[PDB]
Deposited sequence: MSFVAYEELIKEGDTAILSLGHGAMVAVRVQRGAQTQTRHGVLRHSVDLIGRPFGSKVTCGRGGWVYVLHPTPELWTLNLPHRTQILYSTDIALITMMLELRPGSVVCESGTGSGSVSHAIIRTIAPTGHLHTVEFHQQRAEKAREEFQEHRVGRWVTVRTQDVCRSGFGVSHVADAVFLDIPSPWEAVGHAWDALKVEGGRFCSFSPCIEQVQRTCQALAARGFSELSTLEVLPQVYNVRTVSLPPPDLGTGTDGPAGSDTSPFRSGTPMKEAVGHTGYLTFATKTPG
């Protein structure tokens, strides 16, 4: 830790990310007296982790080893316990820039879900900004509050357990940005307008289905939102390999090898459409 500032040394209470080879990782809460088993052996926190610097190669058991990495929202996103489907960093990167988030930004979010987007926002708006997030599911709301305390970011976030479509975000005319990830975002557009400052701000909604987008855009226009833009961002990831295609035998008595960037998957899926808009006075 912290999620919000880099520290050299691992300490108790920290969330540490272990790299296990390939891309595989696991998140661990560092406690004295605690043990963590990996395919490379056991880690005893009190001697193998605590006091040691992030980025170190840590020997485990029978000469096995792992690397320990400092926590970040991106690493957390890939290791957090899902209580919902979550947004990944490719969508989050675009959301963050297009909402114009920066230190000092005040942001409204619903639904909190599993906090993947929440941690990214907090990292971005700290130390002066604040996140007002909303989750109508009691347990998910409380689990999010617990994590925020564990990760020492409670200062920057308030979770309200309520229906954003009926009761809104719990604040009025304070936000620079609103982010929606819920099944019926068109029912929250008016509350988004009320949550954003009178001077204006930015809006973004994430929907898997085009009919949800359509309803959202219709509601945005009717309420006075402008600069409507609907986008989709698609990640492609490449393996770096050397390949050699054998020369054909034509009976004779160039075909040199090459480096290639081959996609890791033959198909890239759909996460959601991202609809952006702007609120301006007038």
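Student: Going from the first residue of the deposited sequence to the last, where are the unmodelled runs?
Tutor: Since the structure holds only modelled residues, the one stretch it omits is 254-260.
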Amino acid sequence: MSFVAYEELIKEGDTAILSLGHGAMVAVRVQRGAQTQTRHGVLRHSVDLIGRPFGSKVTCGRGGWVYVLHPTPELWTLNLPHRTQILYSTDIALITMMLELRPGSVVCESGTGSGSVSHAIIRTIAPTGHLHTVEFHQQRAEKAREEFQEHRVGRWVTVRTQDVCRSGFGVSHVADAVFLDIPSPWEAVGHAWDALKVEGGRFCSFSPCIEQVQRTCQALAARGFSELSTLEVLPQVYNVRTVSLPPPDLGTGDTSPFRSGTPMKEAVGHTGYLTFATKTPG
From here on, numbers count along this sequence of modelled residues.
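Student: Which is higher on mean Cα B factor in this entry, 230-238 or 53-61?
Tutor: Stretch with the greater average CA B-factor: 53-61.
Student: Using the B-factors recorded in the PDB entry, average over the C-alpha atoms of 269-277 and of 16-24, then report which stretch comes out higher.
Tutor: For C-alpha atoms only, the mean B-factor is higher in 16-24.
Student: Lowest, middle or highest third: which one holds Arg152 when the chain's residues are ordered by CA B-factor from the entry?
Tutor: Within its chain, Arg152 is a middle-third residue by C-alpha B-factor, going by the deposited values.
Student: Could you tell me which third, lowest, middle or highest, the C-alpha B-factor of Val213 occupies within its chain?
Tutor: Lowest third - that is where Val213 ends up once the chain's C-alpha B-factors are sorted.
Student: What third of the chain, by the recorded C-alpha B-factor, contains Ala221?
Tutor: According to the entry, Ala221 has a C-alpha B-factor in the chain's lowest third.
Student: Rank-wise, by C-alpha B-factor, drop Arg145 into the lowest, middle or highest third of its chain.
Tutor: Its C-alpha B-factor belongs to the middle third of this chain's values.
Student: Taking the entry's C-alpha B-factors for this chain, is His173 in the lowest, middle or highest third?
Tutor: Bottom third by C-alpha B-factor.
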